Each structure stands twice: as C-alpha cells, then as structure tokens.
Asker: 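Let me give you the structure first, and then I'll get to my questions.
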Number of protein chains: 2
Amino acid sequence: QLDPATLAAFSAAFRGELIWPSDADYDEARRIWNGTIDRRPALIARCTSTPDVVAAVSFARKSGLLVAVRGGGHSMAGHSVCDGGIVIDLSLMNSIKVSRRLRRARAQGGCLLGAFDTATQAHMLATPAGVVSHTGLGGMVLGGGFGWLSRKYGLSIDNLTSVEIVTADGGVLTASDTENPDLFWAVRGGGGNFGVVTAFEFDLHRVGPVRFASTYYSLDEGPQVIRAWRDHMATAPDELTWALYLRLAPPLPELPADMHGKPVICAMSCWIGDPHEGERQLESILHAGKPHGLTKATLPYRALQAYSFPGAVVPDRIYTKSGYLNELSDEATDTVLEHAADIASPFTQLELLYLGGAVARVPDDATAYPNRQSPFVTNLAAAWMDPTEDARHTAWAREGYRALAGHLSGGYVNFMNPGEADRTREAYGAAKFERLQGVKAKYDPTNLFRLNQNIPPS
Amino acid sequence: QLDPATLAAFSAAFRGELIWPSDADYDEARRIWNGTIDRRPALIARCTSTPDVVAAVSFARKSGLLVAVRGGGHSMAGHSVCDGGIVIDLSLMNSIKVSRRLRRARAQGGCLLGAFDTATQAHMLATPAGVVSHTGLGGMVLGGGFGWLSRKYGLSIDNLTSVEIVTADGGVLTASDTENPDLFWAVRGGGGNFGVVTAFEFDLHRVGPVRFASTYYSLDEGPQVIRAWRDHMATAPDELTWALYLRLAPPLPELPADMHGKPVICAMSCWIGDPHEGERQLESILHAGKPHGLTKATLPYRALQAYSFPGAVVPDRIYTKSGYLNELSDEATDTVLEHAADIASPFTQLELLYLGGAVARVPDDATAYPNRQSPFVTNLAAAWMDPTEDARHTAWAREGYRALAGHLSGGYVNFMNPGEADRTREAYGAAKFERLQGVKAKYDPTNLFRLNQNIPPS
Ligand SMILES: Cc1cc2nc3c(=O)[nH]c(=O)nc-3n(C[C@H](O)[C@H](O)[C@H](O)COP(=O)(O)OP(=O)(O)OC[C@H]3O[C@@H](n4cnc5c(N)ncnc54)[C@H](O)[C@@H]3O)c2cc1C
Ligand SMILES: Cc1cc2nc3c(=O)[nH]c(=O)nc-3n(C[C@H](O)[C@H](O)[C@H](O)COP(=O)(O)OP(=O)(O)OC[C@H]3O[C@@H](n4cnc5c(N)ncnc54)[C@H](O)[C@@H]3O)c2cc1C
C-alpha cells in the first residue's frame, strides 16, 4: 500500500510499463531463470530509458520499497525478484551502438548477451562475456564476466571503459578511469551494490572464425583426461581455451546410444586466432582419452557464443555451489570424478573451468574482481525440472562442494546460490571488502541496493 | 534549412538521439550494409519509442524532408539512407518481449534478427527468419522473410499476427486479422510503403536442437550435385532444408589446401525435428558428390542462425541480381555452373535455394508476398572490398542474370538492387500490385514513404 501522490508523480515521470499483482501478465513477468525462486513483488516497473530508471529508483526510495533490479534475470541467488518490493526491470532496454572504426560498443543495462554479440559481430568485433546467449549483460558484467574470449582478452570488466549509472539518490553519473574512478573500480566486480547501470561502454576486438571442438570422454578415462587438462593448461598459450563439463551424456546422434544418459566428461575447446593453427592446437588436446561424439567446426564467434550447451535444454530449477582453486591435485581429481558419477539430472553439470591467461595479468587491485590469481573454477551446477526433486539435486551440489572444501577458496559472486549471502567477505577478501564498503558508504549509504551479494556500507 | 518552430515542436516531443552532419558519429551512422551507397542525410533521428517515431514522421512531413526508414540497414537497394532528408533510424528500438506460455514474441521494429532469436531461444522457442543474424527484422519481415525454418513453419509473415504502425499522417494504428485487415494484408509483403512498423507480434514454435551439416563439392561434380538437389527437394519432407551456395572455397583448415580459393558448391542442410531422424536424413543427401570440409553438428537453433556464412567475413560492397524459378532445367543448371566458375571475389555467392513446403501451402492471395508457388530462388550475390573493382563484380552478377533470365520469374523485393526500381510491378504481379496501390491510396496518399520497392498510390 503506497502513498497516492508519490505513486502519481512516479507514474507521470515513468514512460515504461507498470505491472501490478492483478494484471494478467504479473505471474510471467515475475518469473526469473532460477524457478526455485517464487516471489511476488508489489510492483514491476519495465523501464525504457535512463530517466525511467531515475523515476523508478526515486519512487522506491521515497516509498521504502525493497529494490530488485533485473537485467537478464539469470541471478543464481534469485536477486532479480523480491517479495513485496519493486522490480526495476531493464529488459526492454536492449540497444547496442557499435562503432566499427573506433572499436566501441555502448550497450544498455538490460541487454542480453546474444543481442550484444550479434551487434558487434555485424562488424566482426567482440568483447569477452559469458557462454550462454540469453544471460543478461548487466549482472554478468558487474560481477566480472568470463567466457571463451577471456584468456585472450580478459574479463568483460577488463574491456569496460565507462558506465552511466543511476545512484540511490536518483542522480545520474558517468564512471570511468578518469571520472568518479572509485565508483568505476567498484562497479567492476562489485555487483549492483552502487546503482543501476543504464549503459556500459566496452572496447572491442576483431574476432574472425574460431576453430572449435566439443567431445565426450567416458568416465573410465576420467583421471587421464582431467590430469592432461590441468597439466596442459598451466603452460598453454592464451589463445587456447579448454573447459570440462561433467554431465550425463545428452541423447544426441553423434554419440552412441549406449552412452546416452550416462556420466561423461564433455570437453569443449577453442582457439582464438588463426584457424589452421587452432586446428593443430585442438588436435593436440583432443586425444588424452578416446573422444566420442566429436564435433569440430570453424565458427563465427557469434555461433560459438550461441552453441553452449549441447542439448539446448533450458532447465526450470537450479542450485549452484562454486569456488576457485589454485591447484587441482590428483586427489581432488578423484573426488570430482566420484561425485560426477552420481549426477542424477540430465541438466546438471560439474564444471571445471581454467581461467588465468589475460585475466591473471591484470594487477589484483585494479578492479573489485577477486581471485584473478586462482586459475581453476569448479561449479557444481545442479539443474532439473521436477519441483518435488529439489532436495536430491541440491544435496548433490552441497555434498560435492563439501568434499572439495580443502581445495576450494574464494567464490565468484555470480555463481552464488540463494543461501550464500554470507560468503561475500570470503569471496572478495578483507582488503577488497573494506574498500568496497567505503564506496558503498559514499554512494549507497542506506543500502537501497541490497538484492545482490551485498556489501553493507561503512 | 529548417523552420525553427517546427524543429522546436519535434524536440518538444522527441526523446531519442539526434545525429547531425557535424556530429562525431555521423559518418558511421549514415553507412549502410551496401557500402556502394554513400549518401548524406540532413538528420539522423534515432528513435527509442513509438512516440519518437510519431514525432519524426510528423516532423518530416511538415518539413518536406525525404524520409528514409532504417531497421538493420541491410537494404540491397540502399533504401535506408537518403541524401538531404531524415533517416527515421529504429536501430535502438531492439527490445523483444517473449511469453513462454503463450508462445508469443512482441519485437520492436529496430531489432536485429540475432537479438530476436536470442530472446525466443531463452525459452527454446523460435519463428522463421533469414539466415544472417545481423539482418534487420523490420525490412525483412515487411518483404516476407525466409530461412531455415520456412519449409516447416512458413515465411516470417506467415507467423505474424499483428503490427503497430505509424502512418504518414502521424497516427498510430494496429493492423491484425481483426483490425485494419486491409493494411495487415499489405504489410505482409508490401514493405515499408504504408508506414513505420514499431512493433511486430509473432507466434512461436518449440524448436530444440537441429542436426546440421555443411560441406563443399568440387565444381567437377556440379552437375550431379545440383541435379541430385533439385530432384530430391521436389518430394522432400518439410523438415529437410538444403541450400547450395556456389562460391570460392574459404581457406579453412577443414578443406584441402588445393581447393582454397577455387569455385566450389557449399551445401548446407538441416533437419527441423528429431536429431536422430535428422542424422539419417542428412547422411542420405550428403554424398551426391564427395563431401569436402564436412562439418556435422547438433546445434541449438540460435547457433544454426549464427552460423551463416563460412569464413565469417563482412564485405564492404555488394550488388545483387535475383529471381524465382518454377523448375530448374538442365540448361539452367549448366548456365549456373558456367557462371559460378567465373566467380572472382571470395565474398561473392551464387545462391540456389529451395523454398516450397509450408511457404507454398499458403494461398497466393492470402498476403502481399508474391510467387509462393515458385520453389526455386537464385541469387547472384556479388560482394567485394575495393571500389575500383565495382565494374568487374557487378558485371558478373549482370551477365549471370541475363544468361538465366528467360528461366526466371518474379523477384523477391528484398533482393532488389539500387537500379531495379522498375521491377516492382513484375515482382508483385498485376493483381497484387493493384490491391497494394489501393492500400497505398488509403494509408500513404502522398507517398511520404517512398524509399523502398515503391508502390505509388491509386
Ligand atoms: C545459464 C547461465 C550461464 C552463465 N554463464 C556465465 C558465464 O559463462 N560466465 C559468467 O561470468 N557468468 C555466467 N553466468 C552467471 C551470470 O554472470 C550471473 O547470473 C549474472 O548475475 C547474470 O546477470 P543477469 O542480468 O542476467 O541477472 P539478474 O538476475 O538480472 O541480475 C543479477 C544481479 O545484478 C544486478 N543487476 C543486473 N542488471 C543490472 C544493471 N544493469 N545495473 C545494476 N545492477 C544490475 C541485480 O540486481 C542482481 O544483483 C551464467 C548464468 C546462467 C544462469
Ligand atoms: C547478408 C544478408 C542476408 C540476408 N538474408 C536474408 C535471408 O536469409 N532471408 C530473407 O528473407 N532476406 C534476407 N536478406 C534480405 C533482407 O530481408 C532485406 O535486405 C531487408 O530489407 C533487410 O531489412 P533491414 O531492416 O535490415 O534493412 P533496411 O535497409 O533497414 O530496410 C529495408 C527496407 O525496409 C524499410 N524498413 C525497415 N524497417 C522498417 C520498419 N520497422 N517499418 C517500416 N519500414 C521499415 C526501409 O525503409 C527499407 O525500405 C538478407 C540481407 C542481407 C544483406
């Protein structure tokens, strides 16, 4: 229940659409990618411009409404919808302006990654981002953003040159390396904690065809494959990216039918560079076990981005446990394989990513992103359909994480689950957390923006 | 030179971005995909809403400025930029709202196809459109729209249920099967003649992974290959799509070095349905010649959409000559193969497409789109870099068209080049042209919207 004159001012300033609990499209509009999050906002505000976002931020502040901000809706913690507050929904703000000559993209805060990649790839350009096309640019970038171009070109934030952001007081600011640089440091890794980013500006790279391979190894050869991977990646050129996704084999025709539904290692790899050299490089890492269901192709970068994940199934419910590693020992490898063998849903993956490369050459305190120096990421990404099965899949992720606890440190804020609100200090570390609290105290002293991996002020 | 009060009235209502000739980004903003078209507008109005388009249309009408309308800028005739007028530039109106439950997408008139496919594929949904992701949804749909899903699900227009359209008098209309149906018939194939479409609504289809192959055949085997293709497609199920792209072989590692840069047939095919049936279906048509550089993949639809074309290179300059055929005779085939052997540029293709299927089952009078009953499309699509070579690549497409033209009928308005303004009556046929002229008399009597394949009123 809201103050009528304040609501009137808000509606008058707001050119976008307002979705109320009684409108037919409220239920669909309040659903986010993590279907285990069922929440009922008081109001959904579909913003169409920066002044729309200003109006919405101001209205939430005057009304005392809990603020959720939504880009693409992919929050693994469920942060983009609230019970009883306002959803500042940016999904209609999807435009990208690309300069081919200047190698620049200016993208609104509601963009979906596939819209961005399409727009830059019209000119054979790109900048690093995540591997699934319908992820939102917004939350991803603000937490760091990594994927197929990161070992070559860094995190998304390593290519961000400025933002336009609406702060909790209703003001609009530009943050860059030369203008409000403390805020610029903080948004590069600090999440939505300091305001609503309504435009991101990135430097772009020329990225022609990329030689790519995806294949599946039997878990019988699991030890030799994973050891080959971790050995190789410690000295591999930045141009090679090679990731392992332990999962049940999808029922696709390139795979023998007797392997369908059984745990396997799906290995995906690419070479950012000359495709003839890439072919040589990928053949050099494809044979540590027998590759089943091998697909090799020379792909436009936009098609590489659109390819993940084999099977093309969107799961309804998810639960993720994740952390970094500094090393992947033989015993950690057996633990990984032991829990991979117990995967139950065909949409679960136990992901082993190797970052390093350009990501680790950025000095640690240049941004708010922690753990550049830990090259391994393990993500126990449980995903399933049946709501009566939540406990069994959640358990797989939780137990696997616990079993590897001796090897795991830190944690990517963008892979954190709904129950992980207190992993924040550990993820960032004490020095970064303290600096972030100081920027929080300057720019969001009332913690208006607290549906995120939250950094309280002071 | 503009009346101040008229300009002030525009600025009072307009909330978008203006680009003037002295502005930094003028030169990139006025460039369109057909780089041979070098024109200099008085003003680029980058609209961000339906009221922006209303103000821009009324401003152009009141000011006497010639109106260009831009969606993705892919006009093969160069229609989306004008000398001395206003470009009503829709590229920032890129938002797509998808309802998974309703299997509906509402897309703004400025969307790029890859933005649209990213948004629908977030819900494993799709609807037919062209094969290159950076194509604009607006000009494509308005001329009809065909691609990988068309044999199965029709043209884009066969999945179109309504539009929001700003007409030349500045009013906003809805056209659907229930509201202004006369206009609705016309916008489904009649281009931007009737007003600026600010929103399209589409029915969507559930489209999971699709089995896909691309391979290259030597021109030595051209005759048996093309004859096998035309014979197979005559009775093929709707679920198989199979296209031939004659071109120079790209210098990719999957192809033998001795074929790089030589004329070949690039055959691409896919099955829209079960991927195991798809594998059986494609294996059966892959071997009409010896398949070199063979890539087979089981792809998310969004990645099939991002795949075209092998080499992933964007030409600066293009020149197109196209038509339909009712049958592809042996004599036509020989001519095709003879002119393909003369291809000079690595970006040129001679395209041989087979539509039919669900496109041909829509009654001919049901939309403004002509030649549903001709299943063959040939497109001599010259593309290149160096402006000093225009004559040699233009001559190639002209002479191939002339040597085939007796077998050709009609022409897709979206493949017309800048010198084909005179092909309009013939492309549409007498009946459709006459009905379109009456809709023109009703909705754009002053031909404000004449930078398109134009239908003058009455
Ligand atoms: C299928 C899938 C694949 C993924 N793949 C990758 C990957 O390859 N690499 C990677 O690094 N991450 C990846 N992620 C994680 C992703 O980075 C996070 O889920 C991220 O938060 C997604 O942002 P979003 O805008 O879609 O989500 P949302 O749910 O909308 O928002 C996430 C958070 O950011 C805030 N927020 C969002 N937009 C804005 C904005 N414009 N301004 C201010 N705050 C904002 C929200 O308030 C919230 O705290 C993936 C996630 C999914 C579900
Ligand atoms: C590389 C490439 C690949 C292609 N592939 C295919 C394909 O596979 N299938 C296919 O069917 N076509 C294909 N096309 C052709 C495409 O359909 C036409 O070029 C179409 O006109 C492109 O639309 P656009 O919005 O990008 O172009 P623009 O240059 O922006 O516009 C084209 C015309 O439409 C008008 N217009 C654009 N948007 C609107 C709007 N919202 N309301 C009113 N008028 C509007 C413009 O005024 C102009 O007359 C391809 C084109 C290219 C260059």
Side-chain angles (χ1 to χ4, degrees), chain A residues 16 32-34 44-50 52-54 56-57 67-82 86-97 105-117 119-120 127-147 155-157 159-168 172-173 175 183-184 186-202 305 367-369 412-416 444 448-454, chain B residues 94-97 115 118-119 122:
Chain A
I32 59 168
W33 175 80
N34 184 350
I44 296 176
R46 288 228 164 117
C47 298
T48 63
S49 73
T50 298
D52 269 10
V53 170
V54 166
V57 174
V67 177
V69 175
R70 183 173 180 168
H74 267 254
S75 168
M76 302 207 171
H79 290 143
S80 31
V81 64
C82 53
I86 182 179
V87 177
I88 313 200
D89 177 335
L90 318 168
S91 65
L92 307 181
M93 298 167 66
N94 192 51
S95 79
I96 306 99
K97 288 184 283 179
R106 185 176 182 88
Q108 295 186 295
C111 285
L112 291 190
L113 182 54
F116 181 90
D117 292 332
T120 65
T127 216
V131 307
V132 176
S133 298
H134 42 269
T135 312
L137 196 57
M140 190 181 81
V141 172
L142 296 170
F146 49 76
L155 306 172
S156 305
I157 52 169
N159 295 277
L160 185 76
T161 58
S162 76
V163 302
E164 170 189 77
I165 186 177
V166 173
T167 50
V172 181
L173 297 166
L183 180 58
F184 192 57
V187 294
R188 292 183 287 171
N193 274 280
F194 315 89
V196 183
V197 176
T198 54
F200 300 89
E201 283 210 344
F202 303 85
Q305 287 295 89
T367 66
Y369 175 83
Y412 185 34
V413 296
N414 273 337
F415 291 162
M416 297 286 196
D444 186 27
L448 184 65
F449 302 107
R450 76 183 58 101
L451 297 172
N452 43 48
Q453 282 303 306
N454 184 233
Chain B
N94 198 42
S95 81
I96 303 101
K97 185 47 196 101
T118 296

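Below, chain A is the first sequence line, B the second, and so on; all start at residue 1.
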Asker: Any side-chain heavy-atom pair from A/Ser91 and A/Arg46 closer than 4.5 angstrom?
Answerer: yes

Asker: State, to 0.1 Å, how close A/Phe184 and A/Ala175 come at their nearest heavy-atom pair, and which atoms those are.
Answerer: CD1-O, 3.5 Å

Asker: Nearest 0.5 Å please: distance from the CD1 atom of A/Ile157 over to the OG1 atom of A/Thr127.
Answerer: 11.5 Å

Asker: Determine, stepwise, if the pair A/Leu451 / A/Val69 fulfils side-chain contact (heavy atoms from CB on, under 4.5 Å).
Answerer: CA-CA 8 Å; A/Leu451 297 172; A/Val69 175; over 6 Å; no

Asker: Could you check if a side-chain atom of A/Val172 sits within less than 4.5 angstrom of a side-chain atom of A/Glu164, using non-hydrogen atoms only?
Answerer: yes

Asker: For A/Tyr412, is there any backbone N or O sitting under 3.5 Å from a side-chain donor or acceptor partner on A/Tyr369?
Answerer: no

Asker: Could you grab the distance from atom CG of A/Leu142 to atom OG of A/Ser156, nearest 0.5 Å is fine?
Answerer: 10.0 Å

Asker: Of all heavy-atom pairs between A/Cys47 and A/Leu92, which one has the smallest distance, and what is that distance?
Answerer: O-CB, 3.7 Å

Asker: Okay, side chain of B/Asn94, backbone of A/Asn94: is any donor-acceptor separation there less than 3.5 Å?
Answerer: yes

Asker: If I compare all heavy atoms of A/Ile32 with all of A/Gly73, which pair ends up nearest, and what's the gap?
Answerer: CB-O, 3.7 Å

Asker: Taking the side chain as everything from C-beta on, heavy atoms only, tell me whether A/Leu90 gets closer than 4.5 Å to A/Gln108.
Answerer: no

Asker: Would you check if A/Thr50 and A/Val166 make a side-chain contact, meaning some heavy-atom pair closer than 4.5 Å?
Answerer: yes

Asker: Write down the atom of A/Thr135, the atom of A/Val132, and the distance for their closest heavy-atom approach.
Answerer: OG1-O, 2.9 Å

Asker: Could you give me the CA-CA distance, side-chain angles and deciding distance for A/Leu448 and A/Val57, then say whether side-chain contact (heavy atoms from CB on, under 4.5 Å) is met?
Answerer: CA-CA 9 Å; A/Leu448 184 65; A/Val57 174; 4.1 Å; yes

Asker: When you check the side-chain N and O atoms of A/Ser133 and A/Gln305, is any donor under 3.5 Å from an acceptor?
Answerer: no

Asker: Report the distance from atom NE2 of A/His79 to atom CG of A/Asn452, rounding to the nearest 0.5 Å.
Answerer: 6.5 Å

Asker: Between atom CG of A/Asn193 and atom CG of A/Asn454, what is the distance when rounded to the nearest 0.5 Å?
Answerer: 5.0 Å

Asker: Is the side chain of A/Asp444 donor-acceptor paired with the backbone N or O of A/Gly195 at a distance under 3.5 Å, no angle test?
Answerer: no

Asker: Taking only residues two or more places apart in sequence, or in another chain, which ones meet A/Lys97 in a side chain to side chain donor-acceptor pair (under 3.5 Å)?
Answerer: B/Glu17

Asker: Working to the nearest 0.5 angstrom, can you tell me the gap between A/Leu112 CG and A/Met140 CE?
Answerer: 11.0 Å

Asker: Would you say A/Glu201's side chain and A/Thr161's backbone share a donor-acceptor pair under 3.5 angstrom?
Answerer: no

Asker: Look at the aromatic rings of A/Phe200 and A/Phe202 and report parallel, tilted or perpendicular, splitting at 30° and 60°.
Answerer: parallel

Asker: What residue among A/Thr198, A/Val141, A/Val197, A/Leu173 forms side chain to side chain contact (heavy atoms under 4.5 Å, CB included) with A/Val163?
Answerer: A/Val197

Asker: Might you point out which heavy atoms bring A/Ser75 and A/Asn34 nearest each other, and give the distance in Å?
Answerer: O-CB, 4.0 Å

Asker: So how far is it from A/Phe449 CZ to A/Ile88 CD1, rounded to the nearest 0.5 Å?
Answerer: 6.0 Å

Asker: If you look at every heavy atom in A/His134 and B/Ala122, which pair is closest and at what distance?
Answerer: CB-CB, 3.5 Å

